[PDB]
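From first to last, the protein sequence lines are chains I, E, C, D, H, K, F and A.
So for the first sequence, the deposited numbering puts the first residue at 17; every next one is plus one.
So for the second sequence, the deposited numbering puts the first residue at 17; every next one is plus one.
So for the third sequence, the deposited numbering puts the first residue at 211; every next one is plus one.
So for the fourth sequence, the deposited numbering puts the first residue at 472; every next one is plus one.
So for the fifth sequence, the deposited numbering puts the first residue at 472; every next one is plus one.
Going letter by letter, the sixth sequence gives residues 2 to 81, 85 to 98 in the deposited numbering.
Going letter by letter, the seventh sequence gives residues 2 to 81, 85 to 100 in the deposited numbering.
Going letter by letter, the eighth sequence gives residues 89 to 116, 135 to 210 in the deposited numbering.
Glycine included, every Cβ here is placed at the ideal spot set by N, Cα and C.
What follows is a short report on a single structure.
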Amino acid sequence: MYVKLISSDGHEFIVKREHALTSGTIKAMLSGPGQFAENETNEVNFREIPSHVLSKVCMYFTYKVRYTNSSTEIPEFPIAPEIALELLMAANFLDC
Amino acid sequence: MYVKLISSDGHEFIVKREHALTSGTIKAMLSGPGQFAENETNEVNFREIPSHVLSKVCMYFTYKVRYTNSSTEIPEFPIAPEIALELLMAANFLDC
Amino acid sequence: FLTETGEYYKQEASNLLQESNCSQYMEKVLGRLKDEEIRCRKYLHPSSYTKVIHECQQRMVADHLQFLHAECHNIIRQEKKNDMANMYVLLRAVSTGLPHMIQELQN
Amino acid sequence: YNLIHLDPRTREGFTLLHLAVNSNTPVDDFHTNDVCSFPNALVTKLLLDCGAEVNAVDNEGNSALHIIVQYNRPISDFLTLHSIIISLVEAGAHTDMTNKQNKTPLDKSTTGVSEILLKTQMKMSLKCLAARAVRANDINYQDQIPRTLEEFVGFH
Amino acid sequence: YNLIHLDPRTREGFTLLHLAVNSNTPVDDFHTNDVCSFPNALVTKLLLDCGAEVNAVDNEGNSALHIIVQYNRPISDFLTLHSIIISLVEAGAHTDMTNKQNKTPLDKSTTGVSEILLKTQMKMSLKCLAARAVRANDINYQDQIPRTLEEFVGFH
Amino acid sequence: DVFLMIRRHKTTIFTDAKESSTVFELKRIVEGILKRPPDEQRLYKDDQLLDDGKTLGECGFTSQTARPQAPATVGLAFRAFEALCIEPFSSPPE
Amino acid sequence: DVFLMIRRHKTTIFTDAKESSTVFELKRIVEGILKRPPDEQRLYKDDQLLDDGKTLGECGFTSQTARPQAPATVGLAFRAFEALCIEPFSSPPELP
Amino acid sequence: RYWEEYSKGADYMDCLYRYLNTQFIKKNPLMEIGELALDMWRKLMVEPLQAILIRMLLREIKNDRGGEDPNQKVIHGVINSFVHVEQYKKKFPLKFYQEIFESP
């Protein structure tokens, strides 16, 4: 299943749902009266997360679902100094 | 606190009592009408275990007490080829 | 045993109620309960402590709430401090003991 | 308990306990994937409570303990690995049991988590060390030891 | 709970939680050795139930987690190390926290058992990696992030 | 084992294909998740056209280059053909 | 961390001592076990006398030569001087 | 009627207050909003209605024993509310239900 993530730039960020449920609030956003049980779009809009940070959090979703159990080498996540501050705030907001 | 494990040849292998109770039957042989709660002799008469293999059993007792919780690449227990198959049934009798 | 102690303490609750007022019934009941915490400690398994005490409570102080709740009015409205303490310990263990006494005190 | 005493055997020798701890046991594509996910701690515990042969050996040689320790997800669901390991060990499992390819369950681990989790349950015994020493140098143990020790030497 | 809110501090900076998970906590020579022992799972669980400071940092820098991942007798009492590790982790102890020497509890393990048992409880989060990348290159995060994140960055 | 970032004008899809897989099945995946016919979906790779016959093994999507921490990106354009319409996200300096 | 097998004619005592310890501690131990005062017993090492003064660290009881899996034997003679008459263990059977 | 639309409403509002329960409530007496919405139900709705609910619940089950057919969903829903309202209690989750229903 695929869910959409909308930034403040309008960038849709379609991500497989099982990877996108690692963050707590995206699980919470799709819960309650935001389920929309028709399986047509299944989108959540972030009014205060820029696109250059949703890209990083989606890359982290894929990275974490890939390396959740492979405790072999666990390669480091590449975080630029420019992206470092807003990425922390986004992970805090999403409980990522 | 020093149980005296006699052997088939009279070799009284006096060992620390806490060391010897790592084996089930020596724990059982001192339990019941063999307690002798007087800390005088507390002797055990193995009338079926040769002295040469009871000595190896006592080295095993000390080795196990020392390297129980360590598990930090414990040294291999030296069992001679000729004394094995005697130590095997000795440890079958004296469980563990 | 729980069936047996239930009958015995129902009989004892009916006997105490026939010769004592509420100012004396509660003291005798707390005497029985304090003894029952001993008559079951030195005889029964430790798992049976809570069952026997709870069962003798709901045979002697929870089968006679009508006697205790009705007499709670005169106990509270006259500041009977020795009696009010005994009623509170008795009525706390009962499931629906306090929610009336509380109200009475508030009034 | 009745089915366990029937002692079923898959074509690969997998007993009822082997399949309950194996992550290679297939689950059909319907909603059973949402609930019936293997290995399951509750299934293994229920099998062991019903007298399952914990030391059962398939035709490959793996016991009920060699099969689990090869689990490829030791961290995300570490609870249902640790629970099965302790349930096996505390009931009847031989931690040092040697399969047909001379492999200890520590050898067939491929995972630090399972290896050291099993090492925390490995009560060292002089009987196991003596059995290893007898097997390694190939002493003729036929009829010179109790029969229960002969299969015990065959275990190692 | 009242005493925890009073927040005692040992001369080493150990809070109530540090002494309940330490192995160097002194016990008097009398019969207390028969009953009282440290680390103790029940005491740590009770302290965490009363809202103890799970991320308390002493003068050296060691957190509540750093003191028990250094425990030197894992296999003997694996129950009382597993219980305290999972209780600390479930109580919010940041498993990536660094002391004044920048040593995570994985680094300050000195033991395979405790290191892997912590690794099984280390839910990797983007927040931890982002905070580590923020603090690694000295990015000014003062008042530019949530106040609940300034201490979070200070953990790393 | 090879991770891709499908890039439309603004849409982006994070897919996970195998080491050596055909372009047809990922094209079908994109069709299924956007509900569009395949005749207007042509996959790019650094301003290089692709057809529905090649595979990711020789296209340059090496598993040592398309690591999920920084997945290799591809482009799409949709025709009612269009060229690359990739828009950078943003970059606010510290 | 030194392990010793103090040998009588037949009686054997399995003792453990620290890496920095002297002969007097072992004399006190065997007094506490054999109920023999130390003024009539003297320890030994591969059938040569040892003095009450020097420590076991330099006496030859190093940690790598008296490991618990193979402790080093120590003689013991009691005044009734009497020479060391330690009886060896039983003869292991030949390989079948 | 006011429990089926409120038990789901309590869980839905727990999702809405996810950041509050995670970053504020757990660190700092206080209860999670999912738990708070229920402890404001077993202290303001059920406990004042201990007499009315139970004496009507036992009357409905007694009518079933007599031969009548009460609304199974309503009776089972109200009875299940005594145990669902305390689902956040770690020690004795069936303590409210036992003392309010099983004993009488």
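Going straight from the alpha carbon of residue i to that of residue j, what length do you get?
i: K/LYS55; j: I/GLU89; result: 32 angstroms
i: I/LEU110; j: H/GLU483; result: 37 angstroms
i: K/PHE85; j: K/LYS11; result: 17 angstroms
i: A/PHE198; j: C/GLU247; result: 24 angstroms
i: K/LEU5; j: D/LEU620; result: 59 angstroms
i: F/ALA73; j: F/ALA67; result: 5 angstroms
i: E/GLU56; j: H/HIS476; result: 55 angstroms
i: H/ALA564; j: H/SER580; result: 16 angstroms
i: A/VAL180; j: I/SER47; result: 26 angstroms
i: C/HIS279; j: C/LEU308; result: 9 angstroms
i: C/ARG269; j: A/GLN204; result: 18 angstroms
i: K/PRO97; j: H/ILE610; result: 12 angstroms
i: A/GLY97; j: I/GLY40; result: 19 angstroms
i: A/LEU164; j: A/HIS182; result: 12 angstroms
i: K/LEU50; j: I/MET17; result: 29 angstroms
Please look up how many angstroms separate the CB atoms of residue i and residue j, rounded, as I've assumed it's under 8 angstroms.
i: D/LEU577; j: D/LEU589; result: 6 angstroms
i: K/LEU44; j: K/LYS28; result: 7 angstroms
i: F/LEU77; j: F/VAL24; result: Their Cβ separation, rounded to whole angstroms, is 12 angstroms, which puts F/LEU77 and F/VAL24 out of contact at 8 angstroms.
i: D/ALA604; j: E/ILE95; result: 4 angstroms
i: D/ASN543; j: D/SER494; result: 7 angstroms
i: A/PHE202; j: A/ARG148; result: 6 angstroms
i: K/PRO69; j: I/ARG82; result: 5 angstroms
i: D/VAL514; j: D/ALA491; result: 5 angstroms
Indicate whether at least one CB of chain I lies closer than 8 angstroms to the CB of residue i.
i: D/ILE546; result: yes
i: K/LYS28; result: no
i: K/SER64; result: no
i: A/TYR100; result: yes
i: A/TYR107; result: yes
i: K/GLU20; result: no
i: K/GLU32; result: no
For residue i, would you say it is in contact with chain K, using Cβ-to-Cβ distances shorter than 8 angstroms as the test?
i: residue 179 of chain I; result: Residue 179 of chain I lies beyond the residue range present for chain I, which begins at 17 and ends at 112; the question has no answer from this structure.
Of all Cβ atoms in chain F, is any one closer than 8 angstroms to the Cβ of residue i?
i: E/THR41; result: no
i: E/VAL31; result: yes
Return no unless some Cβ of chain H is closer than 8 angstroms to the Cβ of residue i.
i: I/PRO97; result: yes
i: I/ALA107; result: yes
i: D/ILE555; result: no
i: D/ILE610; result: no
i: A/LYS201; result: no
i: E/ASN58; result: no
i: E/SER87; result: yes
Taking buried to mean at least 16 other C-beta atoms within 10 Å of its own C-beta, is residue i buried or exposed?
i: D/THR486; result: buried
i: H/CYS521; result: exposed
i: H/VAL528; result: buried
i: I/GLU102; result: buried
i: I/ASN108; result: buried
i: H/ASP614; result: exposed
i: D/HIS553; result: buried
i: D/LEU474; result: exposed
i: A/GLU174; result: exposed
i: C/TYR219; result: buried
i: A/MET146; result: exposed
i: K/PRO38; result: exposed
i: D/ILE539; result: buried
i: residue 465 of chain D; result: This structure cannot settle anything about residue 465 of chain D, because the visible part of chain D is limited to 472 through 627.
Kindly say whether residue i, judged by its beta-carbon, lies nearer than 8 angstroms to any beta-carbon of chain A.
i: C/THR306; result: yes
i: H/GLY625; result: no
i: I/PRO49; result: yes
Measure from the C-beta of residue i to each C-beta in chain E and report whether the shortest distance is under 8 angstroms.
i: D/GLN613; result: no
i: F/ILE90; result: no
As an exercise, report each continuous alpha helix (DSSP H) stretch of at least 4 residues that is fully enclosed by the region 558-605 of chain H, in chain order. The DSSP assignment places 583-590 as complete runs of the alpha helix (DSSP H) inside the region 558-605 of chain H, in order along the chain (cut-off: 4 residues).
ask   = Which runs of the alpha helix (DSSP H), 4 residues or longer, sit entirely within the region 515-557 of chain D?
value = Listed in chain order, they are 535-540.
Only counting runs of 4 or more residues, tell me where the alpha helix (DSSP H) segments fall wholly within the region 14-75 of chain F, in order along the chain. Counting only runs of 4 or more residues that sit fully inside the region 14-75 of chain F, the alpha helix (DSSP H) segments are 24-35, in chain order.
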